[PDB]
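Next comes just one chain, in structure tokens: the form deposited in one PDB entry.
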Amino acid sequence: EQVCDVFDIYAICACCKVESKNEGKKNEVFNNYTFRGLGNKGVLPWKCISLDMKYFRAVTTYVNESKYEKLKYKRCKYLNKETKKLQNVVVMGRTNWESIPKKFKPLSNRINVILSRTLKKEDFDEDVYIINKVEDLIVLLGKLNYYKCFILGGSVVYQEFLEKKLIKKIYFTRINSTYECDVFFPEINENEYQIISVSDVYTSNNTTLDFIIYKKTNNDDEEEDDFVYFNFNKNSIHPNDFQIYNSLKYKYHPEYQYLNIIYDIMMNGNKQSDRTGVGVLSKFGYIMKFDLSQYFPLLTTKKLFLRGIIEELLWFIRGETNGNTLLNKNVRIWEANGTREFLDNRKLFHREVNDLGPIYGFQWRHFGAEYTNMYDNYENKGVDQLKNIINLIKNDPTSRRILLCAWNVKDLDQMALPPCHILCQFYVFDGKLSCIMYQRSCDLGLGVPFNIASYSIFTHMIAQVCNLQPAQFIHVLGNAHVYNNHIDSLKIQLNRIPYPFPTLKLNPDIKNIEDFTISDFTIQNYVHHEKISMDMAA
């Protein structure tokens, strides 16, 4: 029995990102050591992240009474002993202690302990224990009645507790912003500690953050029976391939909505072939939800560029169907569907190369108008859906008819291809806008991460020009499939741990949906793993 398990000694910290160099930091690398800034100038690097404070307080103050008698027995056995409100103990480097504002001290409902050489009990007015050696802390825990013991930091205090192998778990807040720092959390050794849980992502005081838990690596109840009774009733891909993924206990990060779908398709999907030969695995009907008020959901388990998909979005809004516009901005999302061959194979022998036909943009601005060619002038022809939904959101917000629909049955065969994203339904409550997008056909490997981002942005754009705040983006998948030759790559991705999401900012001067331009969009604090080739062949 080691000292850490017996005495239930844990660390808890909060780390931001810190100011590196600008010599090629458009394309920089990220890892766990990305978040490492602990202090600056004897205080915290940031003003107030109240949600972290709330977390910190709740963890360090939470005790479970019933669980104690069994810890009150474990510790006693270790020290050779037989067997008013239970409190946790918290330990602080002296400098850490000085940094805390007076009105917070001693930390309420906790047994305060302070590490110091240069100071002694006489230097303190407060109900606190002073100790001058780590060893004395162990001696003290021996004597006291407590639930858990949390090391509250000091990088010095952190360093010495890790290297003595005293920390059973690190409760770690990732603060997804950059600040000046002079003090840093020790680099965690991946062989000594592994992440086992990952929380939801939140925003607090203008930054996203999540909370992760590292664990030390070792290298009534009648109704519990009823559960077994009621449980009395394909692809054998290999366990080990999901070592990391399957080791996590809590996968609460929103990116897991995506990743669990992949997992599900890999384990349970249906083997099917296209009329061609390319094999997929597929399943029918999934849903993901995303809280746009808390983060922007750009996947972090691989790198995504957003310029293209933003250009495509602006191109939809202008009602364009001319692929050349996109190619001239070096965006090739639609190149393949615009070739002479692709159009001929679509029986559009009379369609000019890159004239995509009555697709999205056209349906959004001119539904029902007779498509001629990509250069025609369609103004006041067809139904301006975009305008009407913006008008409904503004003037009739309780409407259950706020739908934007790409799927024009009549023009389907004239489109280079039918829309993958069928429709958008909007919802308004309490000055907040939510949006369901229904997608009939979903390539999970490449399509889906881009599609989540596109419609997230669109919700922001619509909300803003209607003076509302974005709320939920809800993505419905009909035929959801993975390409067989993406399997190895998705395997890799599925074992990366997500990072806290970035945030999206829109120029606030833009007040009509038609008036956005590319430089009106900024992603801030995109932290992400390395880019992946989905087929390992190119």
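Definition used throughout: the rigid core is the maximal C-alpha set that superposes within 1.5 Å between two forms. The numbering used is simple: start at 1 and walk along the sequence shown.
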Other entries modelling both neighbours but not residue 54, at least a third: no
Residue 530: gap in at least one third of other compared structures: no
Interval residue 219-residue 220, deposited residues with no coordinates in the entry (none, 1 to 3, 4 to 9, 10 or more): 10 or more
Deposited residues omitted from coordinates between residue 83 and residue 84, as a class: 10 or more
Stretch with the greater mean C-alpha B-factor as recorded in the entry, comparing 315 to 323 against 187 to 195: 187 to 195
468 to 476 set against 37 to 45, stretch whose average Cα temperature factor tops the other in the entry: 37 to 45
Selection by C-alpha B-factor (highest) of 118, 363, 388, 96: 118
Identity of residue with top Cα B-factor, from 291, 241, 430, 396: 241
Residue 231 CA temperature factor, ranked by third within the chain: highest
Where the record places residue 67 (Cα B-factor, split into thirds across the chain): highest
Third of the chain, ranked by Cα B-factor, where residue 376 sits: middle
Third of the chain's Cα B-factor distribution that residue 426 belongs to, per the entry: lowest
Residue 73 CA temperature factor, ranked by third within the chain: highest
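This protein has a second form, the form deposited in another entry, left out of what is shown; the following refers to that one.
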Sole residue of 341, 226, 123, 163 shifting 2 angstroms or more in CA between the shown form and the other one, core aligned: 123
Residue 285 C-alpha relocation of at least 2 Å between the shown form and the other one, rigid core basis: no
C-alpha of residue 398 off by 2 Å or more between the shown form and the other one on rigid core: no
Core-aligned C-alpha movement of residue 268 between the shown form and the other one reaching 2 Å: no
Closer or farther in that other deposited form, the Cα atoms of residue 276 and residue 438, when the shift from this form is 3 Å or more: closer
